[PDB]
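Given as structure tokens, the chain that follows is alone and in the form deposited in one PDB entry.
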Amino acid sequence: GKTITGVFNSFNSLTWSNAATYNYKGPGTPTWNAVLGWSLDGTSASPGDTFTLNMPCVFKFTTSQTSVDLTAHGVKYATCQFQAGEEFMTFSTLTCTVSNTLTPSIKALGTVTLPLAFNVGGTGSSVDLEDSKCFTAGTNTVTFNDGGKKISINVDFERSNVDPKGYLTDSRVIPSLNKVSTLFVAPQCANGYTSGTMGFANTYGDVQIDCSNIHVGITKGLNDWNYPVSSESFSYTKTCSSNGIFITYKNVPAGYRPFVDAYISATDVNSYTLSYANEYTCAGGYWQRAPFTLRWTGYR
């Protein structure tokens, strides 16, 4: 076939269905249902011809769905296959093939609903650090593009309901790998850190930390959803095993936050626990040791 463009021709609505009672209206909180208009005219396109919808800053679909049909009055005019950016790419793609129903004489139009979670960060990975600059709190334009034809809508996104000066955590499922990323950022020491020890563990067997997929770094502040925006070098020593990842660090400069992340896998991804080392001394002298445990039962 040949590549055609302009098939997706409108961004009709982008509406949040907060399906896990999240306390803030975040881009990376499920689900943002995107309703797009399309049209197919037998004068332009042919069976076999393909087209691609480019979706910047889209992490994944929120359902098990991997295919979406361009259907109109109960007849299917195109098959599309969704490819999620996850930790592979900053964008997601919908790749569509015109079906044998679009003969020369057919003129068709319809809509499609896409169940979205946007990527605004969550780890020290290259994909997340780049996508940490995707949106801001407040009004945002979301633009997809099929070829040169751009389709856009304005949406309002809410900064987190969590004080960024505290310790921070995150978890998000990577559906294709059946794996979960998890983040831990130390509490803020405004004028820098003399020392600290941080990390997380699960010593009970049913959760595995994957030491081949970790990040350790200092970030120069955080974005509007409390995720890292940079990952610089700093003085620390790491231990990692399937049971936990820990770092002891020193002399982090004012304005930075040390963080660690890792993929995890669990026998119940919808219900597992992690226990945290949370000890630090701020430059100036303010000391703290406040370990804790979390039950993870929502993931983004």
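Note that residue numbering follows the sequence shown and begins at 1.
Note that the form deposited with a partner chain bound isn't included here; everything after this is about it.
None of 101 to 109, 125 to 133, 172 to 180, 147 to 155 except one has non-hydrogen atoms within 4.5 angstroms of its partner chain in the entry with it bound; the exception is 172 to 180. A residue is said to contact a partner when one of its heavy atoms sits within 4.5 Å of a partner heavy atom; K60 meets this definition for its partner chain in the entry with it bound.
Taking non-hydrogen atoms only, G298 approaches its partner chain to within 4.5 angstroms in the entry with it bound. In the entry with it bound, its partner chain lies farther than 4.5 Å from every heavy atom of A283. Although the partner is absent from this view, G244 stays clear of its partner chain in the entry with it bound, with no non-hydrogen atom inside 4.5 angstroms. The partner is absent here; in the entry with it bound, the one residue of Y236, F259, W38, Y272 having a heavy atom within 4.5 Å of its partner chain is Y272.
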